[PDB]
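Notes for the structure review
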Amino acid sequence: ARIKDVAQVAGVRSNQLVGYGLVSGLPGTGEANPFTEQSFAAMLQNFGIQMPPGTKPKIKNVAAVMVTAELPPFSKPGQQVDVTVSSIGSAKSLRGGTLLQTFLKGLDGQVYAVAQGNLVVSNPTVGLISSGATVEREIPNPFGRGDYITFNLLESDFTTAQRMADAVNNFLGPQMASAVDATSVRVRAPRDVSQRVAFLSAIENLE
Amino acid sequence: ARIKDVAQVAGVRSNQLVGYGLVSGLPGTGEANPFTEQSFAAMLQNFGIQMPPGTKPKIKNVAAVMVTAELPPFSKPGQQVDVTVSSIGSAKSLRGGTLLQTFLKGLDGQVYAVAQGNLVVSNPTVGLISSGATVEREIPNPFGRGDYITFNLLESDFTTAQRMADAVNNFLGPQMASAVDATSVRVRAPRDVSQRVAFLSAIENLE
Amino acid sequence: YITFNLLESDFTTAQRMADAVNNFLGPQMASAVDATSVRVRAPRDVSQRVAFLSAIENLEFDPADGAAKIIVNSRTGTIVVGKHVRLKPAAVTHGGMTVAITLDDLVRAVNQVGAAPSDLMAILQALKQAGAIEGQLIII
Amino acid sequence: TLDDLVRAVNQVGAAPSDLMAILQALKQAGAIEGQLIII
Amino acid sequence: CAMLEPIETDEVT
Amino acid sequence: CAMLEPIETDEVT
Amino acid sequence: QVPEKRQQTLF
Amino acid sequence: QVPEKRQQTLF
Amino acid sequence: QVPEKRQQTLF
Amino acid sequence: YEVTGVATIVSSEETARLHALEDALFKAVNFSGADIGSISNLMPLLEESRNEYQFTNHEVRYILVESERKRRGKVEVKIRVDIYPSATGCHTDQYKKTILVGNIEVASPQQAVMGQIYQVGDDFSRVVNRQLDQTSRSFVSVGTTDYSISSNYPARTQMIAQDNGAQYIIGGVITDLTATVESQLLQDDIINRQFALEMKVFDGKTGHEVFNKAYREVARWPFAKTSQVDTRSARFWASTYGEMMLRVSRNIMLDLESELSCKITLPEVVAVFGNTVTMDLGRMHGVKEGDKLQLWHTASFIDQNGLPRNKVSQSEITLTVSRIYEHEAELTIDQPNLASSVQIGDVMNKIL
Amino acid sequence: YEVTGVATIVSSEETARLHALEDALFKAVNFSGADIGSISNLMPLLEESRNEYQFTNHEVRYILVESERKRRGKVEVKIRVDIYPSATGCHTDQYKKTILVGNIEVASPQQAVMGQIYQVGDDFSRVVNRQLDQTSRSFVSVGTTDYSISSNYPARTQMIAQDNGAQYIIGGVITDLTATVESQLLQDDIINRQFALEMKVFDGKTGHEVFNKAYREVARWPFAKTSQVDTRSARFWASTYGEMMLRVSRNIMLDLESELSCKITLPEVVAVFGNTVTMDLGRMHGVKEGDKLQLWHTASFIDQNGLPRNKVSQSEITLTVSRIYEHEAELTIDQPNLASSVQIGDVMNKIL
Amino acid sequence: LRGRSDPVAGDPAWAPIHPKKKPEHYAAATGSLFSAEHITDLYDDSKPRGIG
Amino acid sequence: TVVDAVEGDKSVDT
């Protein structure tokens, strides 16, 4: 088993983004929930159409949804990630819908992606978009810091941790990798970020 | 795999434009929603016909829709892009409709395209126009700045990043490309914009 | 100068069109300024510019293939797989039958079970998540 | 040109107007050297 | 010597 | 000698 | 002594 | 004795 | 006799 | 020389007399043709109110104040000084530096409520732009910009400088506009308003911060408490507060002269047409035909921690000016075989 | 020398006279060019109110106070002193140290209610930053940061120092802002407000805490009980409380000079381009061409218990400065065969 | 003879504060129209959240 | 002075 198959690099993590949005273009399988109508009215105000207070939109092709995306590590602005769109009101189906502009917020409350696109549903109330979210911001990483890199085992075990340490030492040389617990293995790495990527490329393919 | 197949140039991004519009010429499959009638009345006022207040248009061939276009990088004024038209009211079908003049706004609130044309629907409430939006404004680009260009991997991986760096170095020469993380590879490029396009043409076809 | 805007933006197509003009006329005549625009020096007289543009607009060149993409129409069901798209081998179990890996093998796996021809749109998304697609999966 | 695409349309039941949607996918994939105009 | 006192263009007023 | 007393830029006021 | 107006310049 | 303005420097 | 400021030290 | 210095008393007669003396000295130096960069170092040694001043290593040797008057509530000072205009110096053989005036902002809009002077930052950046354009000796102003320049983004600073063609970008924050009330039973209230400012100059070639200074002055607010004052009007700038802000702008210009004037000016390569290159500096910047210039290959990198860095490779290429335009110039490469190594963005310096 | 010391009486004439004497001595030392690091050890021996002071092993030998006046409610002290500026010392041959001013926080927001001075920590860290930038001799300020630095996370301290390019990070906590009321029947109430502060300096190379000191002073609160005071305004900083806080900032600067000035400055390797490396220190830090530097291989580890540790491997590599920029410098490795062992993060020290 | 001082209309102590103008985005740096300080969420209720 | 202009001076019980 390769090291990259059974371990992950510490500090190289994913992040979860969540947002609220509306799905339009449904063949009469939308909602009438109060929050859907409120959000629809606010969106229409954003375009210059403001209905008088207390006006019922009577919309049937719009559904309120929750949009979730996972931000892969080293995600740069301009990249695209998948989004999962799930209905939270009472819409019967999201099939054939279109996700309108929704901002995806991180755990700190800041917007990191914007999601649009066409839903592909099979459960008719959950759909996926292959490049729905466009990354708009970067999350800093501790990968290039320090004098070592750390591998976290997917399945924690003392023997697997020690065998991975021996695999690196045999490949490179003595006193190069050390198991600090049943999960983590620390490998000394170059200070240059370009050399560390080249170094990690050779190490993550060890068997 | 060519570099252009598995990577994208940093700073060379797409932009998403959204707008509100009305679709006319429907065979009696329109709406009666309050916002549709309000928008229709405002549009008629724009042409010199102003109905007395409280007048019900009784329109049946008009539907309110949301228009979305994606602006490709290096989009110049006069070019045409596809638009997706999705119904947001209660129209039964958008088949055979015609999208009226709608302004497509960016994330900064400025108009960058104008969308018209004929809808091609298969879901009968979502249609597409092959050249619906005409680009009216340019978005500046950081492509020609700096002393390097950056490739962002579609599928992030340390080994793929290092192999792409080696591919450029073998083709051009030593110390030419460097992998800075699992996603980005930096290649030194000419300062002249014309030479950088010629340079990037040879590099993006590397296998 | 006059400027040509590519209908399909591409760095290689922009550079090849620049070379086509330079080969026809002479050196340092056309230059690609980005992936879309190519600038060609033109006469100042309007009549000569029309005569000049007449000869240039008929030049032949080979546009580049472009980035490898998979276009899926989520509402019609058609899947257009472009050139240079490569699917990495994997074991795909859909319904009750298992297949091993373009669309031809996947279509047969779809036809094995009853399922539907539109169930292939969901198999691709799983392949995209597993990193078994060398290209872009675009949903229109 | 269309001859191969028309045969693909005729393979399945579908409809002769389903070809209009196949072209739009080809246009999105950059497989058309021309302008797709809808009138 | 004797420096002059001619005014110049106002910067804002 | 005789140290000067010229003021300098204020730190905050 | 009065300043002299700008001299002849090309382009 | 007045402090002297900065001398010529490159970059 | 005034205490003397810290002397030169490395690290 | 025969000069007059005019300055209004705010809270101390010493400060008004010192300001009048500074004004008279500035006028004398401007008339004498001496460099205004050296004035900013003379002021600290002028804190004392001595009738006679002695200085060494300066273009002015002795200062003697002969008349001091307080006519119309403001101090008028008449002095005679001896100025020696040096023909040499590190500032006379350099081309003019193009400077872009960035966005100046009010940190606390709460402080600008009295008088509703919320556009004071913009209308003061306009004054700074005009002061640098028509009063400085070694600066050319290329206008103002609405973008904010920060030390965290050297790349943005470089891009904005390239867009505007500016060697340096100057921007600040207005940190204090508050006022206090001084009350007397005999007369009406006196409102003394503060004006504090922190100016920052960034190098457009590499994004570095090359200058940083803080200013704070106080002046009377003659207007009513509830009166609205327009910062573009002459009512604002002819008042005591306006005179104080104009003096602050002059001090900004003198500090820029003191710090950046003797930096070697580095014109950039705009375009290369075979053996002839184009320079972003022209006749209006002091370029004369027959000038010999030395080329430097520019390579400025952001290091591993995101901090800007500079690196220039020396070149064996020398250029001479062939044709001069008002805003640009044409240079001929004296080493034709090395002409292929010249790229856009390389800098040059005049050979002395 | 001829110096004046100004200090306001708060509760004791002795304290005001001592503060005025400290101010006069600080001005005399600053004018004389003597190091300000040695002043902070002279104050303890100045507690006595003797007319004559005798000291040994210092740049000042005898202090004689000739005039003591209490004009306008504040003590003015005029003294004559003999200062011997030593050309040598452990502080004159070192490059300037870059220092980042961290977050200073109010531990109890309850104490800041009177006057609503809740941003006192931020507006005081700004004063400390400016004091270190424009008043210190051996420090360069690289700005302020909004993050809090703790001794429990040396890795975070190292990362923040790397991001800002700071050798040391200084942060504190304001622990006392309470006030007491002194009442007299003849006059109005007197509110004496406290200002206590605990400053802590962390080494950015290893995350260690290298400095720790506590300050406490008291000053009159001249404002009304229900009046709101803006900490960015001149009304706050020109008051007695503001003067006390400015004096506290000056004492912070003098303590930093006393403790950290003679530590050997260790510039870091920023980039290696074959045989030429880049240094994070440049012309503005005191680097001169032809300087010889000795390389140290840096290896700082967190031990088994999570505590930071330091370990440097000595090297046979010596470098000389080839080109100097304002903020960086280029060094050439004198041993080309050993150039491959230089990595980013290695430190250097100037060979004396 | 009154013993009281009447308030004046327009007192700065009670006058509104005009909001600070946000800085321009400068999209040429990133190639995108996204700016964290300028984006408008389509579905937000627009409660008061800043000065002015 | 210790009195703010905007807010003003905020400063027979026997």
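All residue numbers refer to a per-chain count from 1 along the written sequence rather than necessarily to the numbering of the entry. Residues that lack coordinates are not shown. Whichever chain is written first becomes A and whichever ligand is written first becomes 1, with later ones labelled in order. These chains belong to a larger assembly; the numbers reported describe only the chains shown. Only hydrogens and water are set aside when side-chain values are computed; all heavy atoms of the structure are taken into account. Residues with missing side-chain atoms are left out of burial classes, side-chain pairs and their counts.

As recorded by the PDB entry, chain J carries the name Flagella basal-body protein and is attributed to Vibrio alginolyticus.

**Details of the packing of helix α1 (residues 13-32) of chain K against helix α5 (residues 240-260) of chain K**
Two packed helices can be described by the angle between their axes and the distance between those axes. All names here are of chain K. Test applied: Every angle, taken between N-to-C directions, lies between 0 and 180 degrees, and every axis is a line fitted to C-alpha atoms, over only the stretch in contact when it is a helix. By definition, any uninterrupted DSSP run of H or I lasting at least four residues is a helix, any uninterrupted run of E lasting at least two residues is a strand, and each is numbered from the N terminus. Here the angle decides the label: under 35 degrees means roughly parallel, over 145 means roughly antiparallel, 65 to 115 means roughly perpendicular, and every other value means oblique. Whether a crossing is left-handed or right-handed is set by the direction in which the near helix is turned from the far one by less than a right angle, anticlockwise for left-handed and clockwise for right-handed. Between two residues, a contact is recorded if the distance between any of their heavy atoms is within 4.5 Å. In the scheme used here, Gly and all other residues not listed as nonpolar or charged are polar, with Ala, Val, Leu, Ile, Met, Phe, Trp, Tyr, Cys and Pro taken as nonpolar and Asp, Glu, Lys and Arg as charged.
Look at α1 against α5: their axes get within 13 Å of each other, and the N-to-C directions meet at 50°. In terms of orientation, α1 and α5 fall into the oblique class. As for the relative orientation of α1 and α5, their crossing is left-handed in sense. In this structure, α1 uses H19, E22, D23 and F26 to contact α5, whose residues at the interface are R247, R250, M253 and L254. Here the residues of the contact of α1 with α5 sort into 3 nonpolar, 1 polar and 4 charged.

**Looking at the pairing of strand β4 (residues 80-87) of chain B**
All names here are of chain B. Condition: Throughout this description, buried means an accessible area under 20% of the type-specific maximum (1.4 Å probe, protein chains only), exposed means over 50%, and partly exposed covers the range between. Two strands are counted as paired when DSSP detects at least two bridges linking them.
Across the 8 residues of β4, 6 count as buried, placing the element largely inside the fold. Direction of pairing for strand β3 (residues 63-71) relative to β4: antiparallel, over a ladder of 5 bridges. Opposite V65, over in β4, you have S87 as the bridge partner. Bridge count between β4 and strand β7 (residues 126-135): 6 bridges; the pairing is antiparallel. Across the sheet, the residue bridging to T84 is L128, located in β7.

**Looking at the side chain of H297 of chain K**
Keep this limit in mind: Contacts described as polar in this section are N or O atom pairs within 3.5 Å, which, within protein, must combine one atom able to donate a hydrogen with one able to accept it, while residues neighboring in sequence count only if both atoms come from side chains.
Tracing the chain through its elements places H297 of chain K in strand β14 (residues 292-298). Engagement of the side chain of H297 of chain K in a polar contact is seen with the backbone oxygen of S341 of chain K, the distance being 3.3 Å.

**What about the interface of chain D and chain C?**
Threshold: Here the quantity called buried area is the accessible surface, traced with a 1.4 Å probe, that two parts lose on coming together, added over both. Salt-bridge detection follows one rule: a side-chain nitrogen of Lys or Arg within 4 Å of a carboxyl oxygen of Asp or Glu.
The partner chain C presents 10 residues to the 13 residues of chain D that form the contact. Summed over both partners, the interface of chain D with chain C comes to about 900 Å²; 67% of that surface belongs to carbon and sulfur atoms. In terms of surface lost to chain C, no three residues of chain D exceed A25, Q28 and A29 of chain D, which account for 43% of the buried area on that side. Counting the contacts that link chain D with chain C gives 0 salt bridges. For the pair chain D and chain C, the number of links is 0 residue pairs in polar contact. Its residues assigned to classes, the side of chain D that touches chain C comprises 5 nonpolar, 5 polar and 3 charged.

**A short note on the sheet that holds strand β3 (residues 63-71) of chain A**
Strand order in the closed barrel made by the 6 strands is β2-β3-β4-β7-β6-β5 (chain A), with antiparallel pairing throughout. Averaged over all adjacent pairs, the angle separating strand axes in this sheet is 30°, with direction ignored.

**Thoughts on the arrangement of the chains**
Counting contacts across all 22 pairs of chains found in contact, the highest total belongs to chains A and B. The two units chain F and chain L never meet; even their closest C-alpha atoms stay 23 Å apart. At no point do chain K and chain L touch; the closest pair of C-alpha atoms across them sits 11 Å apart.

**Describing the packing of helix α3 (residues 103-112) of chain C against helix α4 (residues 120-129) of chain C**
Residue and element names in this part refer to chain C. Interaxial distance between α3 and α4 falls to 10 Å at its minimum, and their mutual angle equals 125°. If you check the angle between α3 and α4, you find them oblique. Judged by the sense of rotation from one axis to the other, the crossing of α3 with α4 is right-handed. Here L103, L106, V107 and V110 of α3 lie close against α4, whose contacting residues are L120, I123, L124 and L127.

**Thoughts on the nonpolar core**
Heads up, the condition is: Residue types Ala, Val, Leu, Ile, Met, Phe, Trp, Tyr and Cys, when buried and joined through side-chain atoms within 4.5 Å, form a set referred to as a nonpolar core.
By size, the foremost hydrophobic cluster in this structure holds 77 residues, and its most contacted members are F124, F195, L197, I252 and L256 of chain J. Not counting chain neighbours up to four residues away, the residues in contact with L256 of chain J comprise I99, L132, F139, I170, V201, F211 and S261 of chain J.

**Some points on the sheet that holds strand β16 (residues 329-333) of chain J**
Residues and elements named next belong to chain J. The antiparallel open sheet is built from 6 strands, whose spatial order is β12-β13-β16-β15-β14-β17. The sheet terminates laterally at β12 (269-273) and β17 (347-350), the two strands that pair on one side only. Along the sheet, successive strands turn relative to each other by an average axial angle of 35°, direction set aside.

**Concerning the packing of aromatic side chains**
We count it as follows: Two rings from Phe, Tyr or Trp (for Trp, the six-membered ring) form a pair when their centres are within 6.5 Å of each other. A pair whose planes differ by under 30 degrees is stacked, one over 60 is edge-to-face, and the rest are tilted. Counted as over-ring charges are cases with an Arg CZ or a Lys NZ within 6 Å of the ring centre that also lie within 35 degrees of the ring normal.
Using the criterion set out here, one finds 32 aromatic pairs over all chains in the structure. The interplanar angle of 65° and the centroid separation of 6.3 Å between the aromatic rings of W221 of chain J and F236 of chain J together place this pair among those described as edge-to-face. You can see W221 of chain J sitting in the loop between β11 (209-220) and α4 (234-237) and its partner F236 of chain J sitting in helix α4, a full 15 residues away along the chain. You'll find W221 of chain J and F236 of chain J in the same group, each marked buried. Centre to centre, the rings of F124 of chain K and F195 of chain K are 5.3 Å apart; their planes meet at 70°, and the pair counts as edge-to-face. With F124 of chain K in helix α2 (residues 120-134) and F195 of chain K in strand β10 (residues 190-203), the pair connects residues that are 71 residues apart, well separated along the chain. Looking at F195 of chain K, the relative accessible area reads 0%, which means it is buried. Here the aromatic cluster, defined as three or more aromatic residues joined through ring pairs, consists of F124, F195, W221, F223, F236, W237 and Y241 of chain J. Just above the ring of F273 of chain K sits the side chain of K311 of chain J; from NZ or CZ to the centre is 3.1 Å.

**A look at the pattern of salt bridges**
All told, the structure shown has 68 salt bridges over all chains when counted by the stated rule. One salt bridge connects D5 of chain B with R2 of chain B, and the closest N-O pair in it is separated by 2.5 Å. On the basis of relative accessible area, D5 of chain B is assigned to the buried category, the value being 3%. For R71 of chain J, the salt bridge identified is with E76 of chain J, shortest N-O distance 2.6 Å. Residue classification places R71 of chain J among the partly exposed positions, given a relative accessible area of 40%. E76 of chain J sits in the buried class, given a relative accessible area of 17%. Sharing partners across several salt bridges, the network here consists of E2, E66, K78 and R80 of chain J.

**A word on the interface of chain A and chain B**
Taken together, the contacts link 52 residues of chain A with 40 residues of chain B. Buried area between chain A and chain B, both sides added, is near 3400 Å², and the carbon and sulfur share of it is 57%. Between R13 of chain B and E136 of chain A there is a salt bridge; the shortest N-O distance is 2.8 Å. Looking at the side of chain A that touches chain B, the elements that each hand over two or more residues are α2 (34-45), β5 (98-105), β6 (111-118), β7 (126-135) and α4 (193-203) of chain A. Per element, the largest residue contribution to the side of chain A that touches chain B is 6 residues, and it comes from α4 of chain A. Split into classes, the residues belonging to the side of chain A that touches chain B amount to 25 nonpolar, 19 polar and 8 charged.

**Points about a positive patch on the surface**
Rule in force here: Each patch is assembled from residues with relative accessible area greater than 30% and no salt bridge, linking like charges that lie within 9 Å and nonpolar side chains (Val, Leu, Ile, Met, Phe, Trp, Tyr) that lie within 5 Å. For the accessible areas, the method is Shrake-Rupley and the probe is 1.4 Å, while residue cover comes only from the protein chains on display. Positive charge is attributed to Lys and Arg, negative charge to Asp and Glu, and no charge count is given to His or to the chain ends. To locate a charge, take NZ of a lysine, CZ of an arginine, CG of an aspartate or CD of a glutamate.
There is a patch of like positive charges on the surface, built from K56, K58 and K60 of chain A together with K56, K58, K60 and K92 of chain B. Mapping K58 of chain B onto the fold places it in the loop between α2 (34-45) and β3.

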